[PDB]
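[1] My sequence and its experimental structure, below.
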Amino acid sequence: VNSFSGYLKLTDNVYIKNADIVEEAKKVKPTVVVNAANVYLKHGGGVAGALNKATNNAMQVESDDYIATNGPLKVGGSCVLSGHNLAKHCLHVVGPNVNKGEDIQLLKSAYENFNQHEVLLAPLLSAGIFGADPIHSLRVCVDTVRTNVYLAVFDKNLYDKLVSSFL
Ligand SMILES: O=C(O)COc1c(Cl)cccc1Cl
């Protein structure tokens with residue numbers, strides 16, 4: 001049993017809810033919250049800007065030190081950093097950004113990072129301002145992640161559309 005509440009069960013391991021991931025993280029304090037990161041860990045908007053704002057910019061300060069030491073992530077890659085006031089850990093995952101021309105095949109590689117964690121609170125990778133089709137992102141998630149993932153869809157229409165169209 002875990003603390004996640006109000007989710008619709010899609011599969012053995014994937015759950016979904018219409019929720020603000022920031023508000024959900026603050027309520028649950030999960031072991032792992034996933035950030036929709038870019039390779040520079042520049043957290044300006046969408047999930048990353050919202051998560052970072054909720055940490056009072058401490059996520060960005062930590063991230064800048066990570067990049068200064070290690071250099072940029074790979075598209076499809078990830079790093080584990082602090083979850084600050086939101087979670088124990090934040091798994092920063094870089095899905096491909098369609099609005100930068102990145103290979104959508106890298107979305108599966110991005111989701112494979114989730115398999116290193118038994119339970120996660122996450123957004124749909126490459127959705128929102130990363131420009132991918134969220135229906136596609138949910139299909140890749142279900143077909144790639146084997147650990148228990150609790151998805152936070154920000155848009156109600158998409159939440160209502162993702163459920164209705166789910167095979
Ligand atoms: O709902 C999501 O989580 C991602 O997609 C979005 C977002 Cl973030 C905002 C407006 C519309 C859509 Cl379809």
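    That came through, no problem. Numbers count the residues shown, from 1 in each chain.
[2] what's the next secondary structure element after the longest helix anywhere in the chain?
    With residue count as the measure and DSSP state H as the assignment, the chain has helix 58-70 as its longest helix. Using DSSP states H and E, the helix or strand that follows helix 58-70 in sequence is strand 78-82.
[3] just to revisit the earlier point, and the longest helix of the chain, which residues are buried?
    By 16 or more other CB atoms under 10 Å, the buried positions in helix 58-70 come out as 59, 60, 62, 63. Where C-beta positions appear, they are placed from N, C-alpha and C, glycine not excepted.
[4] Same question for stretch 73-83.
    So stretch 73-83, judged by 16+ other CB under 10 Å, has buried residues 73, 75, 76, 77, 78, 79, 81, 83.
[5] contacts for that stretch?
    Under the contact criterion CB atoms under 8 Å, 6 or more residues apart in numbering, stretch 73-83 has outside partners 25, 30, 32-33, 37-39, 41, 58-59, 62-63, 66, 70, 89-97, 102-103, 106-107, 109-110, 113.
[6] now stretch 3-15
    Here stretch 3-15 makes contact (CB under 8 Å, 6+ apart) with 16-17, 19, 28-30, 121, 138, 141-142, 145-151, 163, 166.
[7] show me what contacts the spatially closest residue to residue 97 that is not a sequence neighbour?
    Distances taken as CB to CB, 6 or more residues apart in numbering place residue 130 nearest to residue 97, at 4.7 Å, with adjacent residues excluded. If you count contacts by CB under 8 Å, 6+ apart, residue 130 has them with 36, 46, 95, 96, 97, 98, 99.
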